[PDB]
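To keep things clear, I will list the structure first and then write my remarks on it.
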Amino acid sequence: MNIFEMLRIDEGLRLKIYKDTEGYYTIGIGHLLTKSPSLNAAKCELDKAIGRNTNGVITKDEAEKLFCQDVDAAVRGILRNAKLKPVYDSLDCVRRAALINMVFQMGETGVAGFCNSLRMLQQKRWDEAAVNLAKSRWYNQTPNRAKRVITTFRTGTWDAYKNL
Ligand code: NA
Ligand code: NA
Ligand code: NA
């Protein structure tokens, strides 16, 4: 298991524009196009992201290319963030993937504000951090995904992604 396979499990793969769990136009492996309610706006975002007139449909290779970019943008945003970088730097490779997953889903700004959960992760108080992370809108709105990510932080293993 690795960050690509992990996010592929959590985000799925769809080749036509769809609405994500928040109702926002998305394509591929969780590539958010726009928060605008306009499908036309989403289509402009898509054609711009792919570099051609897509008519709302892409190939698997194109989806994987956006995913390459999006995973790196999650990492780059962690490293540029004064609250997230020290946590990321303190973590092992598996738990780093859990943090990347959170940032991919919710954005740098939101995760960076979880000052108690971040402190507990930095302190390597894994069970405490896991309890604290579950006191979140994130956990309540996407509990199965959050449980997998939280188990990854709690254990430092990929056990929650086995058989998926
Ligand atoms: Na545009
Ligand atoms: Na940043
Ligand atoms: Na603990």
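If you're wondering about the labels, chains in the structure tokens are A, B, ... by order shown, residues count from 1 in each chain, ligands from 1 in order shown.
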
Query raised in the report: Skipping near chain neighbours, those fewer than 5 positions away, what residues fall within 12 Å of residue 139 in chain A using only C-alpha atoms, listed as a VMD selection string?
Result: chain A and resid 102 105 to 106 130 to 134 144 to 150

Would you save the residues of that selection, restricted to N, CA and C atoms, as a short mmCIF file (atom, residue, chain, number, x, y, z; two decimals), in the first residue's frame?
data_model
loop_
_atom_site.label_atom_id
_atom_site.label_comp_id
_atom_site.auth_asym_id
_atom_site.auth_seq_id
_atom_site.Cartn_x
_atom_site.Cartn_y
_atom_site.Cartn_z
N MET A 102 -5.61 13.63 4.54
CA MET A 102 -6.45 14.68 5.10
C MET A 102 -6.37 15.98 4.31
N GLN A 105 -8.18 15.88 1.02
CA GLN A 105 -9.63 15.94 1.14
C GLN A 105 -10.12 17.32 1.56
N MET A 106 -9.52 17.91 2.59
CA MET A 106 -10.06 19.10 3.23
C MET A 106 -9.25 20.37 3.03
N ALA A 130 -5.96 9.93 17.96
CA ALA A 130 -7.06 9.27 17.25
C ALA A 130 -8.41 9.66 17.83
N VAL A 131 -8.53 9.66 19.17
CA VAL A 131 -9.76 10.11 19.81
C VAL A 131 -10.06 11.55 19.44
N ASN A 132 -9.05 12.40 19.48
CA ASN A 132 -9.27 13.83 19.25
C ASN A 132 -9.66 14.12 17.81
N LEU A 133 -9.08 13.39 16.85
CA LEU A 133 -9.40 13.60 15.44
C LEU A 133 -10.84 13.26 15.12
N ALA A 134 -11.44 12.34 15.89
CA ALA A 134 -12.82 11.92 15.65
C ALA A 134 -13.83 12.96 16.10
N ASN A 144 -16.43 6.46 7.44
CA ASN A 144 -15.67 5.28 7.06
C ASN A 144 -14.27 5.64 6.59
N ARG A 145 -14.16 6.70 5.78
CA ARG A 145 -12.86 7.18 5.37
C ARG A 145 -12.06 7.70 6.56
N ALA A 146 -12.70 8.52 7.40
CA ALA A 146 -11.99 9.06 8.56
C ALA A 146 -11.50 7.94 9.47
N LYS A 147 -12.31 6.90 9.67
CA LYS A 147 -11.85 5.78 10.48
C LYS A 147 -10.60 5.14 9.91
N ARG A 148 -10.53 4.98 8.58
CA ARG A 148 -9.34 4.40 7.97
C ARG A 148 -8.12 5.29 8.17
N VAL A 149 -8.28 6.59 7.94
CA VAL A 149 -7.17 7.51 8.11
C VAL A 149 -6.73 7.55 9.56
N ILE A 150 -7.70 7.59 10.48
CA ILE A 150 -7.38 7.63 11.91
C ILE A 150 -6.66 6.35 12.34
#

Requested in this report: Dump the neighbourhood of ligand 3 as an MDAnalysis selection string: all residues within 10 Å, distances computed on only C-alpha atoms and all ligand atoms.
Outcome: chainID A and resid 120:121 123:131 154

Same residues, C-alpha atoms, output as a tab-separated table (two decimals), in the first residue's frame:
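Writing done, so here's selection.tsv:
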chain	number	residue	atom	x	y	z
A	120	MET	CA	-1.01	15.09	19.97
A	121	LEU	CA	0.39	13.73	16.67
A	123	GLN	CA	3.81	14.21	20.72
A	124	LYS	CA	3.28	10.69	19.32
A	125	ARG	CA	0.31	10.17	21.65
A	126	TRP	CA	-1.35	8.04	19.02
A	127	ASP	CA	-4.48	6.80	20.81
A	128	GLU	CA	-5.13	10.28	22.19
A	129	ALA	CA	-4.68	11.84	18.75
A	130	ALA	CA	-7.06	9.27	17.25
A	131	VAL	CA	-9.76	10.11	19.81
A	154	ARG	CA	-3.11	5.30	15.48

List as a Markdown table every residue of chain A that is in contact with ligand 2, defined as an atom at most 12 Å from one of its atoms (using only C-alpha atoms and all ligand atoms), together with the nearest atom pair and the distance in Å rounded to one decimal, sorted by chain and then rising number.
| residue | atom | partner | partner_atom_place_in_ligand_line | distance |
| --- | --- | --- | --- | --- |
| A:73 | CA | ligand 2 | 1 (Na) | 9.4 |
| A:74 | CA | ligand 2 | 1 (Na) | 8.9 |
| A:75 | CA | ligand 2 | 1 (Na) | 8.9 |
| A:76 | CA | ligand 2 | 1 (Na) | 6.7 |
| A:77 | CA | ligand 2 | 1 (Na) | 3.8 |
| A:78 | CA | ligand 2 | 1 (Na) | 5.6 |
| A:79 | CA | ligand 2 | 1 (Na) | 6.1 |
| A:80 | CA | ligand 2 | 1 (Na) | 3.4 |
| A:81 | CA | ligand 2 | 1 (Na) | 3.9 |
| A:82 | CA | ligand 2 | 1 (Na) | 7.5 |
| A:83 | CA | ligand 2 | 1 (Na) | 9.2 |
| A:84 | CA | ligand 2 | 1 (Na) | 8.4 |
| A:85 | CA | ligand 2 | 1 (Na) | 8.7 |
| A:103 | CA | ligand 2 | 1 (Na) | 10.8 |
| A:107 | CA | ligand 2 | 1 (Na) | 10.0 |
| A:108 | CA | ligand 2 | 1 (Na) | 6.9 |
| A:109 | CA | ligand 2 | 1 (Na) | 8.4 |
| A:110 | CA | ligand 2 | 1 (Na) | 11.7 |
| A:111 | CA | ligand 2 | 1 (Na) | 11.4 |
| A:112 | CA | ligand 2 | 1 (Na) | 9.5 |

Report task. Within 9 Å of residue 6 in chain A, counting only C-alpha atoms, which residues show up once you throw out same-chain ones fewer than 3 positions away? Write them as a ChimeraX atom specification, please. Result -> /A:1-3,9-11,97-98,101,158,161

Query raised in the report: Got a sec to tell me which of range 22-133 of chain A DSSP assigns to alpha helix (DSSP H), as a ChimeraX atom specification?
Result: /A:39-50,60-80,84-90,93-106,108-112,115-122,126-133

Do you know which residues are at most 10 Å from residue 42 in chain A counting only C-alpha atoms, after dropping those on the same chain fewer than 3 positions away, and could you put them as a short mmCIF file (atom, residue, chain, number, x, y, z; two decimals) with N, CA and C atoms, in the first residue's frame?
data_model
loop_
_atom_site.label_atom_id
_atom_site.label_comp_id
_atom_site.auth_asym_id
_atom_site.auth_seq_id
_atom_site.Cartn_x
_atom_site.Cartn_y
_atom_site.Cartn_z
N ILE A 17 -17.63 14.12 -15.17
CA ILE A 17 -17.84 15.04 -14.06
C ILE A 17 -18.90 14.47 -13.12
N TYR A 24 -19.81 19.17 -4.79
CA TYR A 24 -19.00 19.98 -5.69
C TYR A 24 -18.53 19.18 -6.90
N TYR A 25 -18.54 19.84 -8.06
CA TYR A 25 -18.11 19.20 -9.29
C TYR A 25 -16.64 18.79 -9.22
N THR A 26 -16.40 17.53 -9.61
CA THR A 26 -15.16 16.80 -9.43
C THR A 26 -15.01 15.86 -10.62
N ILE A 27 -13.80 15.39 -10.87
CA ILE A 27 -13.59 14.35 -11.86
C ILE A 27 -12.40 13.50 -11.43
N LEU A 32 -11.11 17.99 -7.47
CA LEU A 32 -12.11 19.04 -7.36
C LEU A 32 -11.94 20.05 -8.48
N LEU A 33 -13.01 20.30 -9.23
CA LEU A 33 -12.94 21.27 -10.32
C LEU A 33 -13.28 22.68 -9.85
N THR A 34 -14.35 22.83 -9.08
CA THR A 34 -14.80 24.14 -8.65
C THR A 34 -15.84 23.93 -7.56
N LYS A 35 -16.00 24.94 -6.71
CA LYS A 35 -17.12 24.98 -5.79
C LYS A 35 -18.32 25.72 -6.37
N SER A 36 -18.20 26.24 -7.59
CA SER A 36 -19.32 26.92 -8.22
C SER A 36 -20.45 25.93 -8.50
N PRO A 37 -21.71 26.34 -8.32
CA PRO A 37 -22.83 25.47 -8.71
C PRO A 37 -23.03 25.34 -10.21
N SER A 38 -22.23 26.05 -11.01
CA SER A 38 -22.39 26.05 -12.46
C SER A 38 -21.61 24.90 -13.09
N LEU A 39 -22.32 24.00 -13.76
CA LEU A 39 -21.65 22.95 -14.52
C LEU A 39 -20.79 23.55 -15.63
N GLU A 45 -13.10 24.74 -16.11
CA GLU A 45 -11.99 24.26 -15.29
C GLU A 45 -11.40 22.97 -15.85
N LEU A 46 -12.27 22.04 -16.28
CA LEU A 46 -11.80 20.75 -16.78
C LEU A 46 -10.98 20.90 -18.05
N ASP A 47 -11.51 21.63 -19.03
CA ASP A 47 -10.79 21.81 -20.29
C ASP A 47 -9.44 22.49 -20.05
N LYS A 48 -9.40 23.45 -19.13
CA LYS A 48 -8.16 24.13 -18.79
C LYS A 48 -7.17 23.18 -18.12
N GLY A 56 -16.54 17.23 -20.81
CA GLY A 56 -16.87 16.65 -19.52
C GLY A 56 -16.43 15.23 -19.29
#

**Report entry** Gap from CA of residue 12 in chain A to CA of residue 135 in chain A - Å, one decimal
**Finding:** 25.3 Å

Requested in this report: Write out as a PyMOL selection string which residues come within 9 Å of range 64-72 of chain A when counting only C-alpha atoms, dropping same-chain ones fewer than 3 positions away.
Outcome: chain A and resi 3-4+7+28-31+49-50+59-61+75-77+100-101+104

Report task. Write out as a PyMOL selection string all residues of range 17-134 of chain A that backbone DSSP assigns to strand (DSSP E or B). Result -> chain A and resi 17-19+25-28+31-32+57

**Report entry** Nearest-residue call for residue 92 in chain A, choices A:157, A:117, A:54, A:21, using only C-alpha atoms
**Finding:**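 Ranked by minimum distance to residue 92 in chain A, first place goes to A:157.
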
Report task. For CA of residue 122 in chain A and CA of residue 87 in chain A, quote the distance in Å rounded to one decimal. Result ->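 Spanning CA of residue 122 in chain A to CA of residue 87 in chain A is a straight-line distance of 5.3 Å.
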
Query raised in the report: If you measure from atom 1 (Na, counted along the ligand's line) of ligand 1 to CA of residue 51 in chain A, what distance in Å do you get, rounded to one decimal?
Result: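 That distance, rounded to one decimal, is 11.0 Å.
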
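Checking A:8, A:44, A:90, A:140 one by one against ligand 1, counting only C-alpha atoms and all ligand atoms, you find the shortest gap at A:44.
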
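Of the listed residues (A:40, A:13, A:55, A:137), A:40 comes nearest to ligand 1; the distances count only C-alpha atoms and all ligand atoms.
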
Requested in this report: Counting only C-alpha atoms and all ligand atoms, figure out which residue out of A:119, A:43, A:95, A:52 gets nearest to ligand 1.
Outcome: A:43
